[PDB]
């Protein structure tokens, strides 16, 4: 059972191949601090059996937030709450990781259950092109802006390591800041950071590199990407291949393969494992380890994409929101005896 076989990354060993995918909770304080919500939400899924938890998008600057209730990491005062959250994650038996994020032209919307409407922030972008109707026109970054944000990512990693997180993921997916540099749908710059594939990769590759320099080799650096934006003439799987090789050269440990999010009006052919092809290709054609994600909900299905070499790691989101103990019960279903809290032995 490969799902429940340990997985070496950097100098770690994940006790299994299930990870909790990052999922925004919109439940931080207004100054972006960890609250009781997270201290219950994450250790629950850790008792639940995943080997790795990736804490939701965590803004590396106040204007990089999605919502006013996002986790932040732009401040030393975020350290105590973050350090407490990684500690309860480890104590409930998983490796604590965290996704560092900047929301670019999609920054500044209400929580989704409070309407999810733009708030009117000075959001920033590659090109002065609104995400969709009703959204602000991002102002396009000059080079000093880019360098400020790269530092914010670099200092956010340093701060996450000090908080005791052992796996950092760089969010470069879903139409947020770095993803929007990648795609020509959102990026129409005519300087060195737009136009060609190489140019559109430039800034995101500078960020990975500068973050990689401050994360020692023992701790894995993930990058999440939208493997395609699903748009006519948009970013494609082939582009993703090119971007993958450059990440591998820089020493990124694992590409976490999502898709979409750059613009709205595109056809997304959603289905169980619809993004699994993207993990499989990168892994087999570039030789960079991949995380698969997207409508993975069943133990036989996670096992199978593993057996097939489509990925190294299986990431779960939604199934864990409604069934946080999925992984303990999944093992049994694959004929593996689950390691469960002694308290709970008589439930298995």
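Positions refer to the first chain, counted from 1.
For the pair 75-83 and 96-104, the record assigns the higher mean C-alpha temperature factor to 75-83. Taking only CA atoms, the mean B-factor in the PDB entry is higher for 149-157 than for the other of 166-174 and 149-157.
In the deposited coordinates, the residue among 278, 222, 181, 113 with the greatest CA B-factor is 113. The residue among 242, 264, 211, 89 whose C-alpha carries the highest B-factor in the deposited model is 264. Split the chain's modelled residues into thirds by C-alpha temperature factor. Residue 139 is in the highest one. Annotation for residue 191: CA B-factor lies in the highest third of the chain's modelled residues. When the modelled residues of the chain are ordered by their C-alpha B factor, residue 198 lands in the highest third. Among all modelled residues in its chain, residue 253 ranks in the middle third by Cα B-factor. Compared with the other modelled residues of the chain, the Cα B-factor recorded for residue 129 ranks in the highest third.
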